[PDB]
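To start, the structure itself, in structure tokens.
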Amino acid sequence: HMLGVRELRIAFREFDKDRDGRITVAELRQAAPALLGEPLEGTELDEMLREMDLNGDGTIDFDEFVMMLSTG
Ligand SMILES: [Ca+2]
Ligand SMILES: [Ca+2]
């Protein structure tokens, strides 16, 4: 059955509007506002983004998104 990637999927796949497997600051900004009806901030994003990356590329990959959440 599902070991736990379920949540990991629902989140990545959520902010992803192409199921391509990549949530660029763009997708995160198109999915982060709904979390609060309003876009928290701008530098607040790029900041968290820089922290959600493991290669500093500016994009989220399941391998990147997971490695982070998988342990947080
Ligand atoms: Ca995408
Ligand atoms: Ca990255």
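Identifiers in this document derive from the order of the structure tokens: chains are assigned A, B, ..., residues are numbered from 1 separately in each chain, and ligands are numbered from 1 in order of occurrence.
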
As a list in words, please: all residues of range 25-55 of chain A that backbone DSSP puts in alpha helix (DSSP H).
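Here is the list: residues 25, 26, 27, 28, 29, 30, 31, 43, 44, 45, 46, 47, 48, 49, 50, 51 and 52 of chain A.
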
Residues from last step as file, N, CA and C atoms, as a tab-separated table (two decimals), in the first residue's frame:
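Just written: selection_7.tsv:
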chain	number	residue	atom	x	y	z
A	25	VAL	N	8.86	28.76	-8.57
A	25	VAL	CA	8.35	29.86	-7.75
A	25	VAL	C	7.03	30.32	-8.29
A	26	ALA	N	6.88	30.09	-9.55
A	26	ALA	CA	5.62	30.50	-10.22
A	26	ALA	C	4.46	29.65	-9.73
A	27	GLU	N	4.63	28.36	-9.76
A	27	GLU	CA	3.55	27.47	-9.30
A	27	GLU	C	3.31	27.65	-7.82
A	28	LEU	N	4.37	27.77	-7.08
A	28	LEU	CA	4.23	27.95	-5.63
A	28	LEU	C	3.45	29.22	-5.33
A	29	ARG	N	3.66	30.22	-6.14
A	29	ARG	CA	2.94	31.49	-5.92
A	29	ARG	C	1.51	31.38	-6.39
A	30	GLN	N	1.26	30.43	-7.23
A	30	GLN	CA	-0.11	30.25	-7.73
A	30	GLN	C	-0.83	29.27	-6.85
A	31	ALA	N	-0.08	28.71	-5.94
A	31	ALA	CA	-0.67	27.71	-5.00
A	31	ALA	C	-0.44	28.09	-3.55
A	43	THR	N	9.59	38.23	-0.87
A	43	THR	CA	10.89	37.72	-0.42
A	43	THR	C	10.68	36.58	0.55
A	44	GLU	N	9.47	36.43	0.95
A	44	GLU	CA	9.15	35.35	1.90
A	44	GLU	C	9.11	34.06	1.13
A	45	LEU	N	8.82	34.20	-0.13
A	45	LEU	CA	8.76	33.03	-1.02
A	45	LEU	C	10.16	32.61	-1.39
A	46	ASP	N	10.77	33.42	-2.22
A	46	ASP	CA	12.16	33.10	-2.66
A	46	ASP	C	12.97	32.58	-1.49
A	47	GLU	N	12.71	33.12	-0.33
A	47	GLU	CA	13.46	32.67	0.86
A	47	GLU	C	13.15	31.21	1.13
A	48	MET	N	11.89	30.92	1.37
A	48	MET	CA	11.52	29.52	1.63
A	48	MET	C	11.97	28.64	0.48
A	49	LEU	N	11.86	29.17	-0.71
A	49	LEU	CA	12.28	28.40	-1.90
A	49	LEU	C	13.74	28.01	-1.75
A	50	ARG	N	14.56	28.99	-1.49
A	50	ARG	CA	16.01	28.71	-1.33
A	50	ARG	C	16.22	27.63	-0.27
A	51	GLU	N	15.29	27.54	0.65
A	51	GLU	CA	15.42	26.52	1.72
A	51	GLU	C	14.79	25.19	1.31
A	52	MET	N	13.93	25.22	0.32
A	52	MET	CA	13.29	23.96	-0.12
A	52	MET	C	14.10	23.31	-1.23

As a PyMOL selection string, please: every residue in chain A that DSSP puts in strand (DSSP E).
chain A and resi 23-24+59-60

Emit the selected residues as a compact mmCIF listing (two decimals), in the first residue's frame, including C-alpha atoms.
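This went into again-v8.txt:
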# COMPACT_ATOMS: atom_id res chain seq x y z
CA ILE A 23 6.91 23.57 -8.91
CA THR A 24 8.67 26.77 -9.86
CA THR A 59 12.63 24.72 -8.57
CA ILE A 60 11.04 21.90 -6.63

May I ask you to write as a PyMOL selection string all residues lying at most 6 Å from ligand 2, with only C-alpha atoms and all ligand atoms counted?
chain A and resi 53-60

Calculate how many Å separate CA of residue 12 in chain A from CA of residue 34 in chain A, rounding to one decimal.
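Between CA of residue 12 in chain A and CA of residue 34 in chain A the gap is 14.5 Å.
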
Pairwise distance for CA of residue 20 in chain A and CA of residue 2 in chain A, rounded to one decimal in Å
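Between CA of residue 20 in chain A and CA of residue 2 in chain A the gap works out to 21.3 Å.
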
Which residues are near ligand 1 - at most 6 Å, using only C-alpha atoms and all ligand atoms? Format: as a list in words.
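Residues lying within 6 Å of ligand 1: residues 16, 17, 18, 20, 21, 22 and 23 of chain A.
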
Selected residues, C-alpha atoms, written as an mmCIF file, in the first residue's frame, please.
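Result went into result-v5.cif, see below:
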data_model
loop_
_atom_site.group_PDB
_atom_site.id
_atom_site.type_symbol
_atom_site.label_atom_id
_atom_site.label_comp_id
_atom_site.auth_asym_id
_atom_site.auth_seq_id
_atom_site.Cartn_x
_atom_site.Cartn_y
_atom_site.Cartn_z
ATOM 1 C CA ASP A 16 1.828 21.683 -9.769
ATOM 2 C CA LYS A 17 -0.523 22.652 -12.591
ATOM 3 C CA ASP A 18 1.037 20.359 -15.152
ATOM 4 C CA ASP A 20 5.219 17.666 -15.024
ATOM 5 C CA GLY A 21 7.003 17.250 -11.728
ATOM 6 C CA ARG A 22 8.248 20.808 -11.170
ATOM 7 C CA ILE A 23 6.913 23.569 -8.910
#

Between CA of residue 63 in chain A and CA of residue 32 in chain A, distance in Å (one decimal):
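Straight-line distance from CA of residue 63 in chain A to CA of residue 32 in chain A works out to 20.0 Å.
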
Which residue, A:41, A:62, A:7, A:33, has the smallest gap to residue 19 in chain A when you use only C-alpha atoms?
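Between A:41, A:62, A:7, A:33, the residue approaching residue 19 in chain A most closely is A:62.
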